2 protein chains.
Amino acid sequence: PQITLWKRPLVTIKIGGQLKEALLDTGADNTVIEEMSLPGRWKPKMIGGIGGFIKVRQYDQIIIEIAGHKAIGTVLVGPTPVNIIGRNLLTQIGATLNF
Amino acid sequence: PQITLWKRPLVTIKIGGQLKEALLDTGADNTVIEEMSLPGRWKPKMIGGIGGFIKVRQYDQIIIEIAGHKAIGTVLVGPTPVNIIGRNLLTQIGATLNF
Ligand SMILES: CCCC[C@@H](CN[C@@H](CCCC)C(=O)N[C@@H](CCC(N)=O)C(=O)N[C@@H](CCCNC(N)=[NH2+])C(N)=O)NC(=O)[C@@H](NC(=O)[C@@H](NC(C)=O)[C@@H](C)O)[C@@H](C)CC
């Protein structure tokens, strides 16, 4: 689809069997999701942006369906105010910026 | 152009006659630039990011070029980790997300 930017580019995603709303963020290197349970081992990570840093848990090889498109990659879990789909997964679903 | 997301979508912008680098950010409502001098009066604005909230200076009707495309709008100036071009200006250059 072609998503216009008059409003926040929010889509429904499915991760860990759960349906969540997420923001397609071209300004995010990683994918960050609110507290939830994910399978596998994890390692701590600090991520920053406006307002500073937050500590998150890094999970690898996580599958997530973004607006009907499945992608696999690293997913960070933590106290993010918004569920964010970053570039690591945006590339997988073939998302591009066009103008 | 069509911008893929394998690397950060950084473009050259021109504001106040100066060339700077900025991130095309679909996850940003507004455009936030690092400390610099802009003409006219400014109003207060509080914005939120991944790590919390920061106070910025809001300047309206600022002439700014984004990757060769001219825009005139609101530019927020403050302690942002990176210059980001938000949806307010992305809509002016006719940018869309596509997949
Ligand atoms: C400034 C750093 C680059 C852009 C930034 C945009 N993030 C979005 C995420 C959505 C909110 C959690 C954002 O901050 N958007 C703001 C930008 C400011 C603005 N005003 O446009 C926004 O739209 N804020 C809205 C409100 C959104 C909701 N906020 C809230 N409920 N508190 C607003 N009007 O203030 N990206 C990031 O913060 C990501 N950081 C990065 O990709 C890299 N970090 C750095 C510092 O470059 C990497 C080295 O970690 C985070 C997510 C980790 C992957």
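Convention: sequence-line order gives letters A, B, ...; per-chain numbering from 1.
- Environment of NZ in B/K14: sparse, with no more than 12 heavy atoms of neighbouring residues, nucleotides or ligands closer than 6.0 Å.
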Candidate pair A/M46 and A/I54, rule side chain to side chain contact (heavy atoms under 4.5 Å, CB included), full reasoning: CA-CA 6 Å; A/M46 283 284 270; A/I54 60 169; over 6 Å; no
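- For the residue pair B/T74 and B/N88, no side-chain donor N or O sits within less than 3.5 Å of a side-chain acceptor on the partner.
- The side-chain heavy atoms of B/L97 and A/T26, taken from C-beta on, include a pair separated by under 4.5 Å.
- Between B/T4 and B/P9 the shortest side-chain heavy-atom distance does not fall below 4.5 Å.
- In terms of heavy-atom proximity, A/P81 sits nearest to B/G49 at CG-O, 3.8 Å.
- A/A28 approaches A/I84 most closely through the heavy-atom pair CB-CG2, 3.7 Å.
- Here the side chains of B/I62 and B/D60 are not in contact, with every heavy-atom distance at 4.5 Å or above.
- Counting heavy atoms from C-beta outward, B/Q58 and B/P44 have side chains that stay 4.5 Å or more apart.
- Between A/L24 and the options A/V11, A/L10, A/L5, A/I13, a side-chain contact (heavy atoms from CB on, under 4.5 Å) holds for only A/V11.
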Decide yes or no on side chain to side chain contact (heavy atoms under 4.5 Å, CB included) for B/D25 and B/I85, but give the supporting numbers first. CA-CA 6 Å; B/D25 196 352; B/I85 304 305; over 6 Å; no
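- With 3.5 Å as the limit, one finds no donor-acceptor pair spanning the side chains of B/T96 and A/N98.
- In this structure, B/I50 and A/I50 have side chains that are not in contact, with every pair of non-hydrogen atoms separated by 4.5 Å or more.
- Hydrophobic clustering (ILVMFWY, side-chain heavy atoms < 4.5 Å, transitive): A/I64 and A/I3 are in one cluster.
- Remark: the backbone N or O of B/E21 is paired with a side-chain donor or acceptor of B/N83 at under 3.5 angstrom.
- More than 12 non-hydrogen atoms from other residues, nucleotides or ligands lie less than 6.0 angstrom from CD1 of A/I72.
- Taking the side chain as every heavy atom from C-beta outward, A/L90 and B/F99 never approach each other to under 4.5 Å.
- In this structure, A/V82 is not a member of the same hydrophobic cluster as A/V75, with clusters built from ILVMFWY side-chain heavy atoms closer than 4.5 Å.
- Hydrophobic clustering (side-chain heavy atoms under 4.5 Å, transitive across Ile, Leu, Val, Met, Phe, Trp, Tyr) keeps B/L23 apart from A/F53.
- The closest side-chain heavy-atom distance from B/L76 to B/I33 is not below 4.5 Å.
- Around CZ of A/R41, the count of heavy atoms belonging to other residues, nucleotides or ligands within 6.0 Å exceeds 12.
- Enclosure of atom NZ in A/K7 by more than 12 non-hydrogen atoms of other residues, nucleotides or ligands within 6.0 angstrom is indicated.
- Checked for salt-bridge contact, B/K20 and B/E34 miss the test: no charged N lies under 4.0 Å from a carboxylate O.
- B/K70 is listed as a side-chain neighbour of B/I63, based on a closest heavy-atom distance under 4.5 Å.
- A continuous path of ILVMFWY side-chain contacts below 4.5 Å connects B/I15 to B/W42, so both sit in one hydrophobic cluster.
- Between B/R57 and B/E35 a salt bridge is recorded (basic side-chain N to carboxylate O distance below 4.0 Å).
- The backbone N or O of A/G86 lies less than 3.5 Å from a partner atom in the side chain of A/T31, making a donor-acceptor pair.
- Looking at every heavy atom in both residues, B/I66 comes nearest to B/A71 through CD1-CB, 4.2 Å.
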Apply the test side chain to side chain contact (heavy atoms under 4.5 Å, CB included) to residues B/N30 and B/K45: give CA-CA distance (whole Å), side-chain angles for both, the deciding distance (0.1 Å), then the verdict. CA-CA 11 Å; B/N30 316 107; B/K45 192 178 174 62; 3.6 Å; yes
For the pair B/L38 and B/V77, evaluate side chain to side chain contact (heavy atoms under 4.5 Å, CB included) and give the outcome as yes or no after the intermediate values. CA-CA 9 Å; B/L38 288 184; B/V77 180; 3.6 Å; yes
